[PDB]
Amino acid sequence: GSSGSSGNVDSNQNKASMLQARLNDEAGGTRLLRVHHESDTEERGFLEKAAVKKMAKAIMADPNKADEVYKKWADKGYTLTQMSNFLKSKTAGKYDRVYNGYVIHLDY
């Protein structure tokens, strides 16, 4: 005693684009330039911090140079923001006499 009449049916099966024909071959290539895993480049400041500070050091002993320096800096295009950050040196007072001087130099 078994039952089951319901069924199914489908006409559409598949198709192919027999409109194009491969009469010739074609070359190719692979040029993908992109790779990176770990790399940190902060020369912008890394270098400056050293340069900006370097000049100050020379001033510590040579206070007569300060003036000359201040002119060089302002010329480069520095500002209290950056300058200070460079003369900071994670200290509560390392290159003050130098930092202050520059501040006034721009006060003009």
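Given the conditions (1) closer than 20 Å to residue 106 by Cβ; (2) without any contact (Cβ under 8 Å) to a residue 12 or more places away in the chain, which single one is not true for residue 90?
(1)
Please name all residue pairs, on different chains or six or more residues apart, with Cβ atoms under 9 Å, provided the first residue is in the stretch 43-55 and is farther than 18 Å from residue 71 by Cβ and the second residue is small (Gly, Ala, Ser).
So the pair list comes out as 49/89.
Across the stretch 72-108, what is the total count of residues that are of a type in the set (D, E, K, R), surrounded by 11 or more Cβ atoms within 10 Å (Cβ to Cβ) and over 21 Å from residue 44 (Cα atoms)?
The total comes to 3.
Examine the stretch 64-71 for a residue that is under 23 Å from residue 93 (Cα atoms), within 37 Å of the chain's Cα centre (by Cα) and in contact (Cβ under 8 Å) with a residue 40 or more places away in the chain, and state whether such a residue exists.
no
Looking only at residues in the stretch 25-63 that are of a type in the set (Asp, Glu) and over 25 Å from the mean Cα position of the chain (by Cα), which one is farthest from residue 105 (Cα to Cα)?
First, pick out the residues of the stretch 25-63 that are of a type in the set (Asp, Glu): 25-26, 38, 40, 42-43, 48, 62.
From the residues that got through so far, the ones that are over 25 Å from the mean Cα position of the chain (by Cα) too are 25-26, 62.
Working: 25: 73, 26: 69, 62: 17 Å.
Ranking the qualifying residues of the stretch 25-63, first place goes to 25.
Take the stretch 75-108 and flag every residue that is hydrophobic (A, V, I, L, M, F, W, C) and either more than 25 Å from the chain's Cα centre (by Cα) or not in a helix (DSSP H, G or I) (or both). Reasoning before the result, please.
Within the stretch 75-108, the first condition is being hydrophobic (A, V, I, L, M, F, W, C), and the residues that meet it are 80, 83, 86-87, 92, 98, 103-104, 106.
Hits for the stretch 75-108 are 92, 98, 103, 104, 106.
Per-residue answers, yes or no, for (1) basic (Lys, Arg); (2) farther than 30 Å from residue 101 by Cβ:
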residue	(1), (2)
4	no, yes
17	no, yes
27	no, yes
32	no, yes
35	no, yes
39	no, yes
49	yes, no
55	no, no
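All Cβ positions, even for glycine, are placed from backbone atoms using ideal geometry, and neighbour counts span all protein chains on display. Every number here is computed from the coordinates shown, using simple stated rules; none is lab data.
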